[PDB]
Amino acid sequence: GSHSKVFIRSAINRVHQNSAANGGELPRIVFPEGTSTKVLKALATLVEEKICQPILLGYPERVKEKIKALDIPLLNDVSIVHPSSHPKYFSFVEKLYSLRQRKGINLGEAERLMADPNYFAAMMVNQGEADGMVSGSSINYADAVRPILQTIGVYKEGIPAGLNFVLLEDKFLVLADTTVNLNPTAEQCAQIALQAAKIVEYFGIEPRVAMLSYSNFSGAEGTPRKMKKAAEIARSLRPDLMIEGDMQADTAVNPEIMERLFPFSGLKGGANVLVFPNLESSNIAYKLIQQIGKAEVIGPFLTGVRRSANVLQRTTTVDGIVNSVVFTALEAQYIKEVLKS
């Protein structure tokens, strides 16, 4: 809908200007599930929009049958690759073996693993054969994110964490971590908050962070103390930022409540970054907002990884996949423009 339509549009244009400012180059983005119906319709929409050069994984023949089966003339010159047959396959196996030979994985096992398109996608982005990847529209979340974590890994002091946008009529809220960590520590919560914060900063918005709890500034043993400590750590790391907690969710989003009941709070003007204390709360919240709050909700997107990779959920729509790939492109460009410095 409407708010979603303007948001994505600004993003599509920035990928246009970032490609137009690096010689017109498009980010190379690999899709392990080359035969997915949903993914292919999405790519159809995506290629006329000049955002990425897609790379598809699977048997060349089987996917060409399925794209023709799905009536799409705009998608025939795109690279299609079967991992075992790619020329860089064995260097990739040796690399994975090198990475996990002391983590229960032997050489044969590395070969078997690298044959799975997820691992191959990850190794492609990791070795620079692709700029980014989108995976997991058919497999469950944990299993899809695992190769990304083993192969691409996190940036220094970073923590893998899923992030969603709920798009309101002027502003947007960001929610994390919605997919990865069961029960993040105070330290992990602070880090999750900082990652969410940089994402908000990309969009030119001042980040205002709340560490969520079932309590309003109580600091009692358990989740309240944990979110209070998390805000204290985040603040020690970024003294320029409005970061506050522990607080209830309405206290966080509604500044009128804040200023009336807790005026001492350093969080003024309503939070636009919401950090959850555990996975039950984040997962349940973003999904409920999506289904009954009737507010537009995009994501989840993966934060904390060194190269751009995002895993879809199985319930994702086709335009949802387009959103995900757009942001994968933006992230890839962001990273490559940051590695030039």
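Start at 1 with the first residue shown and count on from there.
Using the B-factors recorded in the PDB entry, average over the C-alpha atoms of 205-213 and of 110-118, then report which stretch comes out higher. Higher mean C-alpha B-factor: 110-118.
Of 278-286 and 302-310, the one with larger mean CA B-factor: 302-310 has the higher mean C-alpha B-factor.
Among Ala332, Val325, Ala11, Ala20, where is the Cα B factor highest in this entry? Answer, based on the entry's C-alpha B-factors: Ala20.
By the CA temperature factor listed in this entry, which of these ranks top: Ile152, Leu175, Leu75, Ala193? Highest C-alpha B-factor among the listed residues goes to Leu75.
Compare the C-alpha B factor of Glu169 with those of the other modelled residues in its chain, then answer lowest, middle or highest third. For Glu169, the deposited C-alpha B-factor lands in the highest third.
Can you work out whether the C-alpha temperature factor of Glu232 puts it in the lowest, middle or highest third of the chain? For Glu232, the deposited C-alpha B-factor lands in the lowest third.
Hey, what third does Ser138 fall into on Cα B-factor, ranked over its chain? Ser138: CA B-factor falls in the highest third of its chain.
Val297 by Cα B-factor - lowest, middle or highest third of the modelled chain: Tercile = lowest for this residue's CA B-factor.
When the deposited Cα B-factors of this chain's modelled residues are ordered and cut into thirds, is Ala186 in the lowest, the middle or the highest one? Ranked within chain, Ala186 CA B lands in the lowest tercile.
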